[PDB]
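*Asks:* After the structure tokens below, expect a handful of questions from me.
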Amino acid sequence: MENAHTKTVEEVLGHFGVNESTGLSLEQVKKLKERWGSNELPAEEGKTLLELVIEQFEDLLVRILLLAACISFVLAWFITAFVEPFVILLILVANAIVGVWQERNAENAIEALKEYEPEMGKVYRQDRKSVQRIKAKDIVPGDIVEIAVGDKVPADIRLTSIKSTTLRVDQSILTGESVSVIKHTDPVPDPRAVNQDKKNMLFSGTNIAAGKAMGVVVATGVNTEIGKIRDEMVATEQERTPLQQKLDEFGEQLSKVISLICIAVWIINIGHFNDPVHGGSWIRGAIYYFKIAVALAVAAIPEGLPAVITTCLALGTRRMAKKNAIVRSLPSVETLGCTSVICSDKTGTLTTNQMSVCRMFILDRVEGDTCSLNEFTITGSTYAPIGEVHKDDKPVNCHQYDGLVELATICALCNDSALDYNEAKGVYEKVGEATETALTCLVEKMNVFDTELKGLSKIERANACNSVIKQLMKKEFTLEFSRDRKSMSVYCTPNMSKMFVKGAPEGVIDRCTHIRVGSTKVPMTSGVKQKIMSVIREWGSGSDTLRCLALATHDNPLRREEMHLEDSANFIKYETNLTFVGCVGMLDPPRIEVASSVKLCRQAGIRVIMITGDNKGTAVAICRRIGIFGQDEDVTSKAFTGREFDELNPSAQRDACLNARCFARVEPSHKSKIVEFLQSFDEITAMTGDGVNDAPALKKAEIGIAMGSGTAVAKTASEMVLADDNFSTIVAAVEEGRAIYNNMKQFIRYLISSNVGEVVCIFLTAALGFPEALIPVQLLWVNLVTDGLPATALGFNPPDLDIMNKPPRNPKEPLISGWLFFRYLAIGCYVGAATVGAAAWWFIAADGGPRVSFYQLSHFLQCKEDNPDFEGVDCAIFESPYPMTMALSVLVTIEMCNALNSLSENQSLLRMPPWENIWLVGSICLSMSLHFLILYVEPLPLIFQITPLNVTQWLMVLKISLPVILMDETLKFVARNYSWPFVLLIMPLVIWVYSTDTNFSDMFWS
Ligand code: BEF
Ligand SMILES: [Mg+2]
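Just remember that our numbering sits 2 ahead of the position in the sequence shown, which is counted from 1.
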């Protein structure tokens, strides 16, 4: 049963075989529960933890470490060789559980921000003639449902009859409309009307606001409007976050490097196993040089890279949680740092979705045919009665204003809504209509009777001032609102007997024939009528767009005996002459943090767009208010509707999404079409929103931010949830996503620089013929411990000063540039020659070591030979740990100096001293003290074939290590062009180390 809005209530009730008087029978209900099922949406599938770790291995970087560990395992099968593949598996497993523990922790925080109040419904079934309250899931299409004020709609209902005079429904959840909609039972002929044009339909998820009505259910479960939208959110595809796309692009670059050094080492060693060795076949000799080349490629892959990447994201996600921001995924904490466009819903997201009175005026002075108006302003933005009234922007008390004392009397009495406080969530709510709760919240702010509010708690502070006025004036029968008169009045007697009327301005003021100037009753003239009406047009038509409501009273009404409370026409006949008292202005006001945030986002180069389902009047008026538009800037080509964007040319649609900042009256499917167009322009789009009309857009975007007050369907599609409804947290999230990305490039270069330095060392050791300086067991401790501590501390780098004053990064540029590749190639070639040059120095030029020649070292496998050229050298000295602890200490000391100049990308170490990052200087003292731990404890100098040094050897380590700082400061200088307490500290060190004279004395090749 679709398009039930187009059919009359007779044919809709006839289709289900149901009568409104009696209702559905038990035999029809179980029959319909078979065909249709439960009136509930399928619960979102929390994926198995075993399937959760599967996406933790979808990353390309961890797949390279799996292939590296799987390769290193089979080469060991042909137990210290099994140590490296075993710890790589633990690193990948411990890294995967942290990614799973975060997404599991993020969930438990989001579903904690949910009100699991049981959803019920009041149906009319043939079992009992009276109404019965059943569960919502036990409702089937065809049920006659009766829902009154304050009740949530259980299912899609076709209205059959309105029991009250008018029915008002709050549909901001599904349509984004800020104002309550009036409903009728007459059919809407258009078979493809939008949910805002179906005025004879009650959609599920919405709530009634004013009256009482009955209807027949036409859809349940996934057939409801919230069900069709949720099905659309599931149908949308989810692309990878831009950080995962950068890391994967770097993963193909890391793969092309290790594949080159594996192919290069192989081909330079080809034609070289035809030697008289245990070969015999070319196919058997290409296996030997393959096992040494692939072992060299695996040694180029940084083992601890994804583990320090996860720590940087997990430490950042913890920083957003303190700002009341729940991030589902780890890579989604960077997306806002590269966001170009922020698309934002208006109702509930940019505004509070809570009607607030912010302007009111009464009469001050009337000399003749002209007057002066006392104009006030109120500061509240929510339903909480926490506000202050300001006259001439200075705090004013409304006690000495007799016109304000009677203005609050009409506002408190004439409305029939209320303001309750729920300690469960801790926020005040509206009971009836939103515009009548705005009057209730106003009366509490302007304490006209100066009641004592210090001792009262939150529950009675909601209706403290209102109940006072009710005690002064008891409420008799009410002349309720009629659409033709467009006004509402009440009858009240003191504990005389005035009549209070409230309605549209021009409708009320025209009936008014007097003015309440303070305490006097002054006859109103057409001159002062034009002035107060001019202020109404100032509030209605200006950029200060406000819903205006005129408040008046009747000093001499005839008694209840002569009243006829059955005719709409006589209602305007009982309030013919009234006394104009004042007028109030209310709107759905933007959140207090939204105004400054669109300004901070503009400096950061981020463009904010309003994509709302409400009309372009309210949409543009809030755009001018928050700062998206100027108070006088025209929006002819910058503000579109859902329709006006449909009949736009594709060429005109291009500069629409590129130059338009407001989109009004758009369907839930339109919101994701706009997000899709913005990503077609290659932009990282962030969607902020609440309600069901935003769920497809929240998923389609690169990152979707939901409000804590939003719906559950909205928080499901979103990657981030603002728990406290703080729009400033989005600006703080952009600043963190930019610092994390900057710091991520720092410890990515630092880590791949350390591995290329170890590859050049092993390659150079093979070409020169020297004994092995660095064995793979100590290359594991270096990359994990001495490299992991400074790389983790590089995530704590101080953020730039112009970090939020520059455009977002281009999504095409990679992590490692072409220049940054050469820059870490230079570092890698240094550590290769430094570590080999430090082991060779002990073998050739050191005092304590044997002073063998280069020939006598290139052929160290021929020493126990009788006496070819090895006259007096021992063969055991070629297995000595002293040249191995020389190359390990230089490697560790260079990485400490390379972590020191990885504090900034281009800024020098004099301009940015190392104590800028106190975690970096503290982690270096830890990696260096853990290196001295390996040398002097009992068992570890045997696990690593190394030995403690002396001061003469340790001074040589620094002479080889320190020039890596001069080498990078030189590249930093080139990168830029194309303090004093720090200098006076390093200078005593540089002169003390370099005062001694020493050489390497490698007369041969290198
Ligand atoms: F909730 Be939005 F204004 F569509
Ligand atoms: Mg909304």
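We put the CB at the ideal spot given by N, CA and C, even for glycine.
(1) Does any heavy atom of ligand 2 sit closer than 6 Å to the C-beta of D692?
(2) Going straight from the alpha carbon of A734 to that of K348, what length do you get?
(3) Quick one: does the C-beta of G207 sit closer than 6 Å to a heavy atom of ligand 2?
(4) Which residues does DSSP pair with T581 in a beta bridge?
(5) Assuming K472 and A414 make a contact with CB atoms under 8 Å, what is their CB distance in whole Å?
(6) Where does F502 fall in DSSP's three states?
(7) Is the closest heavy atom of ligand 1 to the C-beta of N695 under 6 Å?
(8) Is it the case that the stretch 212-222 contacts the stretch 687-694, given that we only count it when at least three CB pairs across the two stretches are under 8 Å?
(9) For the candidate residues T226, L256 and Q173, whose alpha-carbon lies nearest to that of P816?
(10) Quick one: what's got a C-beta closer than 7 Å to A71's C-beta in the same chain, skipping five residues either side?
(11) Closest to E47 by CA distance: which of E109, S23 and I754 is it?
(12) Please state whether the Cβ-Cβ distance between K701 and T238 is less than 7 Å.
(13) So, are the CB atoms of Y385 and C467 less than 7 Å apart?
(14) Ligand 2 heavy atoms versus the CB of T349: any closer than 6 Å?
(15) Could you check what DSSP says for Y423 in three-state terms: helix, strand or coil?
(16) Measure the beta-carbon distance from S929 to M898 and round it to whole angstroms, keeping in mind my assumption that it falls under 8 Å.
(17) Measure the C-alpha to C-alpha separation of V267 and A828 and round it to an integer number of angstroms.
(18) Exposed or buried, which one is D512 when buried takes at least 16 other CB atoms within 10 Å?
(19) Reducing DSSP to helix, strand and coil, say where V492 ends up.
(20) Among the candidates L94, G223 and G207, whose CA atom is the shortest distance from the CA of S40?
(21) Is the stretch 819-839 touching the stretch 982-999, taking contact as three or more C-beta pairs under 8 Å?
(22) Going by beta-carbon coordinates alone, are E105 and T337 separated by less than 7 Å?
(23) My understanding is that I574 touches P810, with C-beta atoms under 8 Å, so please give their C-beta distance in whole angstroms.
(24) Rounded to the nearest angstrom, what separates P773 and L942 at their Cα positions?
(25) What alpha helix (DSSP H) runs, 4 residues minimum, are completely inside the stretch 954-996?
(26) The alpha helix (DSSP H) that contains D404, what's its start and end?
(27) Under 7 Å between the Cβ atoms of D684 and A716?
(28) Could you give the residue range of the beta strand (DSSP E) that holds residue 1012?
(29) Name the two residues that bound the continuous alpha helix (DSSP H) containing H17.
(30) Say the cut is 6 Å; is the CB of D172 nearer than that to a heavy atom of ligand 1?
(31) Return helix, strand or coil for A464, following the three-state DSSP convention.
(32) Would you list, in sequence order, the uninterrupted beta strand (DSSP E) runs of no fewer than 3 residues that lie entirely inside the stretch 296-380?
(33) Would you grab the beta carbon distance between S860 and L770 for me? Rounded to a whole angstrom, and I think it's under 8 Å.
(34) Beta carbon of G644: closer than 6 Å to some heavy atom of ligand 2?
(35) Relative to ligand 2, is the shortest distance from any of its heavy atoms to the C-beta of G710 smaller than 6 Å?
(36) Do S925 and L791 have their C-beta atoms closer together than 7 Å?
*Replies:* The relevant details are as follows:
(1) Reading the sequence shown from its first residue, position 690 is the one you call residue 692. True, at least one ligand heavy atom lies under 6 Å from that Cβ.
(2) Along the sequence shown, read from residue 1 onward, the residue named residue 734 stands at position 732. Along the sequence shown, read from residue 1 onward, the residue named residue 348 stands at position 346. Approximately 21 Å between the Cα atoms of the pair.
(3) Residue 207 sits at position 205 when you count from the first residue of the sequence shown. Outside the cutoff, so no.
(4) Locating residue 581 in the sequence shown gives position 579, counting from the first residue. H516 and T555, per the DSSP bridge assignment.
(5) Sequence index remark: in the sequence shown, residue 472 carries index 470 (1-based). Sequence index remark: in the sequence shown, residue 414 carries index 412 (1-based). The Cβ separation is near 7 Å, so the contact holds.
(6) Residue numbering aside, residue 502 sits at position 500 when the sequence shown is read from its first letter. Looking at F502 - three-state DSSP - the assignment turns out to be strand.
(7) Taking the sequence shown and counting its residues from 1, one reaches residue 695 at position 693. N695: yes, Cβ under 6 Å from ligand 1.
(8) no
(9) Here the question's residue 816 lines up with position 814 in the sequence shown. The shortest Cα separation from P816 among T226, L256 and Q173 belongs to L256.
(10) Start at 1 with the first residue of the sequence shown, and residue 71 comes out as number 69. For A71, where only same-chain residues beyond five positions count, the Cβ hits under 7 Å are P87, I90 and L91.
(11) For this step, residue 47 is matched to residue 45 along the sequence shown. Taking only the C-alpha atoms, the option nearest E47 is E109.
(12) In the sequence shown, counting from the first residue as 1, residue 701 sits at position 699. In the sequence shown, counting from the first residue as 1, residue 238 sits at position 236. Taking 7 Å as the Cβ cut-off, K701 and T238 qualify as a contacting pair.
(13) Taking the sequence shown and counting its residues from 1, the one referred to as residue 385 is at position 383. Taking the sequence shown and counting its residues from 1, the one referred to as residue 467 is at position 465. Result no, Cβ atoms of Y385 and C467 do not sit closer than 7 Å.
(14) In the sequence shown, counting from the first residue as 1, residue 349 sits at position 347. True, at least one ligand heavy atom lies under 6 Å from that Cβ.
(15) Within the sequence shown, residue 423 is the residue found at index 421, counting from 1. If DSSP states are grouped into helix, strand and coil, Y423 belongs with the strands.
(16) Along the sequence shown, read from residue 1 onward, the residue named residue 929 stands at position 927. Along the sequence shown, read from residue 1 onward, the residue named residue 898 stands at position 896. Right, their Cβ atoms sit about 6 Å apart.
(17) As a working mapping, residue 267 is identified with position 265 in the sequence shown. As a working mapping, residue 828 is identified with position 826 in the sequence shown. Their backbone Cα atoms lie some 20 Å apart in a straight line.
(18) To locate residue 512, count along the sequence shown from 1; it is residue 510. Counting Cβ neighbours within 10 Å, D512 comes out exposed, since fewer than 16 surround it.
(19) The sequence position of residue 492 within the sequence shown is 490, counting from 1. Residue state, collapsed to three classes: strand.
(20) Walking along the sequence shown from the start, residue 40 turns up at place 38. If we check each option's Cα against that of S40, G223 comes out closest.
(21) no
(22) For this step, residue 105 is matched to residue 103 along the sequence shown. For this step, residue 337 is matched to residue 335 along the sequence shown. It is not a contact, given that the beta carbons lie outside the stated cut-off.
(23) On the sequence shown, position 572 is the one that residue 574 refers to. On the sequence shown, position 808 is the one that residue 810 refers to. With a Cβ gap of about 59 Å, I574 and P810 do not count as contacting.
(24) On the sequence shown, position 771 is the one that residue 773 refers to. On the sequence shown, position 940 is the one that residue 942 refers to. If I take the Cα positions, the gap works out to 22 Å.
(25) 965-979 and 982-996
(26) As a working mapping, residue 404 is identified with position 402 in the sequence shown. Segment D404 to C416, the alpha helix (DSSP H) holding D404.
(27) Counted from its first residue, the sequence shown places residue 684 at position 682. Counted from its first residue, the sequence shown places residue 716 at position 714. Not a contact, by the Cβ cut-off of 7 Å.
(28) For the chain, the structure presents residues 3 to 1008; residue 1012 sits outside this window and is missing.
(29) Taking the sequence shown and counting its residues from 1, one reaches residue 17 at position 15. Start and end: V11 to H17.
(30) Here residue 172 refers to the residue found at position 170 of the sequence shown. No - ligand 1 has no heavy atom lying nearer than 6 Å to the Cβ of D172.
(31) The residue labelled residue 464 in the question sits at position 462 within the sequence shown. Correct three-state label for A464: coil.
(32) 327-329, 343-346, 358-368 and 373-380
(33) For the purposes of this step, residue 860 is taken as residue 858 along the sequence shown, with counting starting at 1. For the purposes of this step, residue 770 is taken as residue 768 along the sequence shown, with counting starting at 1. Yes, they are in contact, since the Cβ atoms of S860 and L770 sit about 6 Å apart, within 8 Å.
(34) As a first step, residue 644 is located in the sequence shown; it is residue number 642 there, counting from the start. Every heavy atom of ligand 2 is 6 Å or more from the Cβ of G644, so no.
(35) Against the sequence shown, residue 710 aligns to sequence position 708. Not so, every heavy atom of ligand 2 lies at least 6 Å from the Cβ.
(36) For this step, residue 925 is matched to residue 923 along the sequence shown. For this step, residue 791 is matched to residue 789 along the sequence shown. Against a cut-off of 7 Å, the Cβ pair of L791 and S925 comes out as a contact.
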